[PDB]
């Protein structure tokens, strides 16, 4: 789907959903009463992985999965984890993202079956009970999601600019698979809420070049871009890999999930 491809600078993404880092951290403090900063990041990583598994099981293209991931992040950038259960929100984000695209639809029974099967087969370390929600909960949650994103549905990702950069380098076979995988990894951080996607793409490509010992200094010099911001993004990517190393998702998440604030019922 190439809709709005050259419109980023007049887009809802750019104009409303490139957030201030200090505003984001300010809104986050409500949930940091229950969780440490490290625990909150681990929770973000976990639900990114959940959304990825849901999308893979549904056979969705990576761009749809990425859109679902940014819907999830946008929701919890603004609201508390207790507002709506993230176990319900994740499949809802996948459902809505799938409908913004045009090549195929995710049916109701297929979404619920995917949520149930994926959580059982790939996430039983986190979740002792089966997926408890039915399709009416997804549909209700979808209305809240759409409203609370201010109906902003078109999301730009680093994949398209990355492809253009790697083509321009003439290094598709060398650098693209690794750089693409590093783009996937950036969704385990806040970067998509903070930087234009092309900047994230350049940072991922830089790390790919360093890993593979490819000298691209002159090519990165030929770009008219704020390299200080690219370096900021690289530092977050390098930090993610150190956290990844020190994080055992499977051993820690049940404990972290129990510490999450939970939706208060009616009186």
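Residue numbers count along the first chain shown, from 1. Heads up, when I say rigid core I mean the largest set of C-alphas that superpose within 1.5 Å between the two forms.
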* So if we fit everything on the core, which stretch drifts more in 9 other deposited structures of this protein, 5-13 or 19-27, C-alphas only? -> 5-13
* To do: Could you tell me which of the two stretches, 151-159 or 94-102, has its Cα atoms lying farther from the shown structure in 9 other deposited structures of this protein after fitting on the rigid core?
  => 94-102
* Asked: Which has higher Cα B-factors on average according to the PDB entry: 4-12 or 258-266?
  -> 258-266
* Structure fact -> Higher of the two mean Cα B-factors (157-165, 99-107; per PDB record) comes from 99-107
* From 130, 85, 142, 185, which pick has the Cα B-factor that tops the rest in the entry? -> 130
* When you compare the CA B-factors of 198, 46, 40, 34 as listed in the entry, which one comes out on top? -> 34
* Asked: C-alpha B factor of residue 177, ranked within the chain: lowest, middle or highest third?
  -> middle
* Structure fact -> Split the chain's modelled residues into thirds by Cα B-factor; residue 227 lands in the highest
* To do: Taking the chain's C-alpha temperature factors as the reference, tell me which third residue 218 falls into: lowest, middle or highest.
  => highest
* Asked: Going by what the PDB entry lists, where does residue 18 fall on CA B-factor within its chain: lowest, middle or highest third?
  -> lowest
* For residue 135, does the deposited CA B-factor place it in the lowest, middle or highest third of the chain? -> highest
